[PDB]
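> Sequence plus experimental coordinates follow:
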Amino acid sequence: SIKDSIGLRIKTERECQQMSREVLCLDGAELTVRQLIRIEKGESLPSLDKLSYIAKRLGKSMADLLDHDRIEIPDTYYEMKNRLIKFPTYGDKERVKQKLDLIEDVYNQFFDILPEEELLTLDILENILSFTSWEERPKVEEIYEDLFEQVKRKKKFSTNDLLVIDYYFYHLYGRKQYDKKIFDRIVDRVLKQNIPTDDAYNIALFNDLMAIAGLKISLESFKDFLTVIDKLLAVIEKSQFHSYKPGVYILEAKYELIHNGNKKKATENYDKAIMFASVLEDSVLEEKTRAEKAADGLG
């Protein structure tokens, strides 16, 4: 396969230079040893970023390492990935099915020309959307592990980075102890991301911010909570995500209730959620929001 031939070219040149894997990979920020091994064994295709690094370390141009083989991805893939990521479900299980079908479709159409990071993106969306246990998928976990180590060192996050970060938050769900240093570092860097004109990116960023806010409540990490609310509203503002407002004001209400014991402010925030829900095309979210307000003991 293309993966076999490219992997062997990389491996042959590395060995030719009497270069160990650890030497090639340096501090692992751009390429890890296990990432390199999967490439050299033909198990995964290098992405442009990782091939660019490998070629720099070997003093070659990328064209050299490829010979006639290619690693480029068709525009059609990116269009379907873009449509997929932009697709909201709101927890609606008929939409969830629609989204899982899109993922399946994209994977079937492109799995053989995609690098590891793109393939992981598909696995992550699928696992979270289907509530698959992250432990059930060790092969995915091994790949996620090194890509997440690399995300820890980044200041600027891509859409794929944001989705890895989503999978990370997914690990923390329901837990009560957690690596506090890692969490705070990730949250802090998420909070500093520029907000671009790019709905796909903003949806991934919005969903990570939602995860942070739910976790800050459940892990009792209340520092900067309203800063998270503020960022959520800023993303909604940038991309005009009107349907996403009620979920944000519900979280702010739960914060006021649980952390400040403020029932008047919590009632105001639920009422904002109900108001923003009420002018939506369908009334599912308004009914849900009204029910949540009532279950939290407010009028």
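That came in fine, so what should we check first? Numbering: from 1, shown residues only.
> all contacts plus neighbour counts: C-alpha atoms, from now on.
OK.
> Contacts only, for residue 226.
Residues counted as contacts of residue 226 (Cα atoms under 8 Å, 6 or more residues apart in numbering) are residue 252.
> Which of the helices or strands spans it?
Assigned by DSSP states H and E, residue 226 belongs to helix 225-239.
> Could you list the buried residues of that helix?
225, 228, 229, 231, 232, 233, 235, 236, 239 (16 or more other Cα atoms under 10 Å).
> just checking, next helix/strand downstream of that helix?
Next along the chain after helix 225-239, with elements defined by DSSP H and E, is helix 245-260.
> contacts for that following helix?
Applying Cα under 8 Å, 6+ apart, the external contacts of helix 245-260 come out as 210, 213-214, 217, 222, 226, 229, 232-233, 236, 262-263, 265-270, 272-274, 276-277, 285, 289.
> So which of those belong to strands?
Residues of those located in strands (DSSP state E): none.
> Mark which of the residues you listed are buried, thanks.
Taking 16+ other Cα under 10 Å as the criterion, what is buried in these is 210, 213-214, 217, 229, 232-233, 236, 263, 265-267, 269-270, 272-274, 276-277, 285, 289.
> coming back round to it: switch the buried residues of helix 225-239 over to CSV; also include distance to residue 70.
Conversion of the buried residues of helix 225-239 to CSV gives the following (distance: Cα to Cα, whole Å):
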residue, distance to residue 70
225, 46
228, 42
229, 44
231, 40
232, 40
233, 42
235, 37
236, 39
239, 35
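> Which member of those is positioned nearest residue 129?
If you rank these by distance to residue 129 using Cα to Cα, residue 232 comes first, at 20.9 Å.
> wait, the closest one sits on residue 211?
No: judged on Cα atoms under 8 Å, residue 232 makes no contact with residue 211 at a distance of 10.8 Å.
> quick one on the thing from earlier: output the helix holding residue 226 as PDB, nothing but the C-alphas.
Provided in PDB are the C-alpha atoms of helix 225-239 (Å, rounded to 0.1, in the frame of the first residue of the first chain):
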ATOM      1  CA  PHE A 225     -16.700  30.100  35.700                       C
ATOM      2  CA  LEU A 226     -18.300  33.300  34.500                       C
ATOM      3  CA  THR A 227     -15.300  33.800  32.200                       C
ATOM      4  CA  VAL A 228     -16.300  30.500  30.600                       C
ATOM      5  CA  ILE A 229     -19.900  31.700  30.300                       C
ATOM      6  CA  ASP A 230     -18.600  34.900  28.700                       C
ATOM      7  CA  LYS A 231     -16.600  33.000  26.100                       C
ATOM      8  CA  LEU A 232     -19.600  30.800  25.300                       C
ATOM      9  CA  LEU A 233     -21.800  33.900  24.700                       C
ATOM     10  CA  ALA A 234     -18.900  35.500  22.600                       C
ATOM     11  CA  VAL A 235     -18.800  32.400  20.300                       C
ATOM     12  CA  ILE A 236     -22.600  32.400  20.000                       C
ATOM     13  CA  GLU A 237     -22.400  36.100  19.100                       C
ATOM     14  CA  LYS A 238     -19.700  35.600  16.400                       C
ATOM     15  CA  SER A 239     -21.500  32.800  14.600                       C
END
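> now the angle between helix 245-260 and it, please.
Using axes from the mean of the first three to the mean of the last three Cα atoms, to 10 degrees, the direction of helix 225-239 lies 170 degrees away from that of helix 245-260.
> Of the buried ones among the contacts of helix 245-260, which belong to helices?
210, 213-214, 217, 229, 232-233, 236, 263, 265-267, 269-270, 272-274, 276-277, 285, 289 (DSSP state H).
> So residue 84 sits against residue 99, correct?
Yes: here residue 84 lies in contact with residue 99, judged by Cα under 8 Å, at a distance of 6.7 Å.
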